[PDB]
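Working notes, beginning with the structure itself.
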Amino acid sequence: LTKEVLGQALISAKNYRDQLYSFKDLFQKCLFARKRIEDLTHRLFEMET
Amino acid sequence: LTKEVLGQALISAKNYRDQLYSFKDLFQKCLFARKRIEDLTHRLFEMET
Amino acid sequence: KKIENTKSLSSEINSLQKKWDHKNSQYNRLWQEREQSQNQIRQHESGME
């Protein structure tokens with residue numbers, strides 16, 4: 001619990017929060033693309049039938 | 001540059017950051033809604049055929 | 001022989017009717033989904049305002 005270590009930890013937590021928001025954005029893009037693939041595979045199954 | 005004035009300004013900046021993040025989230029929602037509407041439109045046309 | 005031909009045609013017609021009804025139901029569902037997406041866009045735009 002020293003000045004330099006806690007300052008560095010505070011910066012680390014700030015960067016953590018920003019990275020978390022970016023990761024959330026990527027995750028939502030992945031969600032949409034996964035559902036796209038789901039619908040496309042469903043259609044492909046229908047067309048194979 | 002008083003303690004109260006700068007503290008209020010800093011808190012306002014943090015809340016602005018939160019609101020901006022929410023705004024960007026809604027923008028992403030709108031983007032994917034537009035894309036899915038396009039998808040559904042062309043799918044419905046094909047279905048009519 | 002003619003009755004057999006008619007029987008086969010009747011079965012084919014029943015299957016085709018079933019297929020067309022199913023496709024129409026799916027088309028209706030998809031159009032409803034698209035309208036829901038458009039309403040989502042409007043709601044999101046109000047929120048961003």
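Following the order of the structure tokens, chains are lettered A, B, ..., residues in each are numbered from 1, and ligands are numbered from 1.
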(request) May I have the residues within 6 Å of range 39-48 of chain C as a ChimeraX atom specification, using only C-alpha atoms and disregarding those fewer than 2 positions away in the same chain? (result) /B:23,30 /C:36-37
(request) After a least-squares superposition of chain A onto chain B, with every Cα atom paired in order, give the RMSD to one decimal place. (result)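 Result of the CA superposition: 1.8 Å.
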Would you give me, as JSON lines, each residue of chain A having an atom within 9 Å of an atom of chain B, along with its shortest atom pair and that distance in Å to one decimal, using only C-alpha atoms and sorting by chain and residue number?
{"residue": "A:21", "atom": "CA", "partner": "B:21", "partner_atom": "CA", "distance": 8.4}
{"residue": "A:25", "atom": "CA", "partner": "B:25", "partner_atom": "CA", "distance": 8.2}
{"residue": "A:28", "atom": "CA", "partner": "B:28", "partner_atom": "CA", "distance": 9.0}
{"residue": "A:29", "atom": "CA", "partner": "B:32", "partner_atom": "CA", "distance": 8.8}
{"residue": "A:32", "atom": "CA", "partner": "B:32", "partner_atom": "CA", "distance": 7.8}
Selection export as an mmCIF file, in the first residue's frame, atoms kept: C-alpha atoms:
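This is the output file part_39.cif:
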data_model
loop_
_atom_site.group_PDB
_atom_site.id
_atom_site.type_symbol
_atom_site.label_atom_id
_atom_site.label_comp_id
_atom_site.auth_asym_id
_atom_site.auth_seq_id
_atom_site.Cartn_x
_atom_site.Cartn_y
_atom_site.Cartn_z
ATOM 1 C CA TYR A 21 -15.922 -1.815 -22.896
ATOM 2 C CA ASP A 25 -18.361 -4.319 -28.263
ATOM 3 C CA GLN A 28 -21.827 -8.125 -29.317
ATOM 4 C CA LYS A 29 -20.470 -8.196 -32.869
ATOM 5 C CA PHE A 32 -24.728 -10.937 -34.204
#
(message) I'd like the interatomic distance between CA of residue 41 in chain A and CA of residue 37 in chain B, to a tenth of an Å.
(response) 19.2 Å
